[PDB]
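**Q** I'd like to ask some things about the structure below.
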Amino acid sequence: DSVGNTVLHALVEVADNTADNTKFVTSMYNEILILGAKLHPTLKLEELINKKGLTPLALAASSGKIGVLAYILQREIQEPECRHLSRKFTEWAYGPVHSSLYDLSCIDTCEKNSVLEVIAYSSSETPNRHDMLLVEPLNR
Amino acid sequence: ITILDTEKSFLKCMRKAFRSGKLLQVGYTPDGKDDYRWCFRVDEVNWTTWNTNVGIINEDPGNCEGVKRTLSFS
Amino acid sequence: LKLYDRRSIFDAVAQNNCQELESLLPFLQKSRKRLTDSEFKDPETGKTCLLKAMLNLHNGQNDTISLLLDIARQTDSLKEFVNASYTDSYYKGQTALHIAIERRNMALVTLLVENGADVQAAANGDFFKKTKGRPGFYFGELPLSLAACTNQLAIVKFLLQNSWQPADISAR
């Protein structure tokens, strides 16, 4: 668009952490990725960049969209042919136990706009600075 | 904040800060190549659900010297 | 005649194509080879094809298991590899039975026992140890304890009341 936000950059933005949005946005955010995998299996939609530089996840953490930030990190796509997109993978699971592998690609202090660099250093005008860091991986 | 400001006091080395996950492979791309990705581990348990969930990456359970991948739709 | 190596087994048994695992029994009986032999194991961990079959048990319906169990029965040597213990340190004692209990397959438990599987198989190892660091599910390192700590009450009652080998309720 004029600002450069794509479909996904919008779905993040339009939410306001309510239940219906969060129930909603995570779902539509799921499908379009599944489609963008099945249609054009090279486009890394979650790695495109708006004019301000922020990736969707970066925008989510920046503007402080907790429900979206949950989903983007601890997703899990069981569907084959589109498993590469998932992050919360499960390695060895000996019955009741299961060891998981929360991905880190854009949430460690190696990339430019890592969420954890954004969440902490951002303004207090971003609601729920605190509750974002209580999501499962970032906390531990 | 204190953590991050401390990491920046280390210029770019990160040598003891790439935050374990050691490029653990977790599958394959949707063309055939490997999918090495940094991954912090987490151990869990669920007694009601029994974790027959598809997506196992390693046949032999655990974490030691010697990893062996699963037929994760190769 | 096609020769027949261990790597092609471990792959093909996971694929669950019994047609591939067909010219074995001619080859096995010809070459004097046994399914329990340094060829058909794992160099580091120690294994059997049977184990790899039990791991890659998609839909609970590996039938190649019944295939190669019948094969060694023709080779008058069943006991050794059904009671096949991983010879690792991290894994030391794990049999097909310990896995079939893990994987919720009454039938696969039934079969192995009827074939002559041991039920006092000790999984004394490290994953199966109490170590407060390296995690792992601690049961009693002994099968019916695994069935007990795993909601498989049916399999508990079978291991106890079966005829072939009644389980010792008072193991250690």
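Note: ideal-geometry Cβ built from the backbone for every residue, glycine included; neighbour counts use all protein chains shown. Derivation of every value follows stated rules applied to the coordinates shown; laboratory data play no part.
**Q** Identify the single condition in (1) touching a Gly at 6+ places or on another chain (Cβ under 9 Å); (2) among the hydrophobic types (A, V, I, L, M, F, W, C); (3) buried (at least 18 other Cβ atoms within 10 Å of the Cβ) that C:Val113 does not satisfy, given that it satisfies every other one.
**A** All conditions are met except number (1).
**Q** Go through region A:41-75 and give me each residue that's over 9 Å from the mean Cα position of the chain (by Cα), within 19 Å of A:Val115 (Cβ to Cβ) and within 14 Å of chain B (Cβ to nearest Cβ).
**A** A:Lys44, A:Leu45, A:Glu47
**Q** Still on this structure: Under 8 Å between Cβ atoms, which residue pairs at least 6 apart in sequence (or on different chains) link something in region A:65-92 that is farther than 15 Å from A:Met28 by Cβ with a partner that is among the basic types (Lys, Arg) and surrounded by 18 or more Cβ atoms within 10 Å (Cβ to Cβ)?
**A** So the pair list comes out as A:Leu73/A:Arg87; A:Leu73/A:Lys88; A:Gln74/A:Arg87; A:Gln74/A:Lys88; A:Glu76/A:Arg87; A:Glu76/A:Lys88.
**Q** Hey, does region B:37-48 have a residue that's touching a helix residue (DSSP H, G or I) at 6+ places or on another chain (Cβ under 9 Å), among the polar types (S, T, N, Q) and either more than 8 Å from chain A (Cβ to nearest Cβ) or closer than 22 Å to C:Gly125 by Cα (or both)?
**A** Step one: of region B:37-48, the residues touching a helix residue (DSSP H, G or I) at 6+ places or on another chain (Cβ under 9 Å) are B:40, B:42.
From what's left, among the polar types (S, T, N, Q): none.
The answer is no, given that none of the residues of region B:37-48 is touching a helix residue (DSSP H, G or I) at 6+ places or on another chain (Cβ under 9 Å), among the polar types (S, T, N, Q) and either more than 8 Å from chain A (Cβ to nearest Cβ) or closer than 22 Å to C:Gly125 by Cα (or both).
**Q** How about region C:69-103: which of its residues are touching a residue at least 40 places away in the same chain (Cβ under 8 Å) and at positive phi?
**A** Result: C:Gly93, single match.
**Q** May I pose another question? Within the bounds of region B:22-34, is there any residue that is at the interface with chain A (Cβ under 7 Å from one of its Cβ atoms), among the acidic types (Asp, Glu) and in a strand (DSSP E or B)?
**A** no
**Q** What are the residues in region A:78-115 that are of a type in the set (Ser, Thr, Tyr) and touching a helix residue (DSSP H, G or I) at 6+ places or on another chain (Cβ under 6 Å), if any?
**A** A:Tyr102, A:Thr109
**Q** For region A:117-138, state whether one or more residues are more than 13 Å from the chain's Cα centre (by Cα), facing another protein chain (nearest Cβ under 8 Å), without any contact (Cβ under 8 Å) to a residue 24 or more places away in the chain and not in a helix (DSSP H, G or I).
**A** no
**Q** State the number of residues belonging to region C:140-172 that are buried (at least 19 other Cβ atoms within 10 Å of the Cβ), part of a loop (DSSP other than H, G, I, E, B) and not charged (D, E, K, R).
**A** Number of matching residues: 4.
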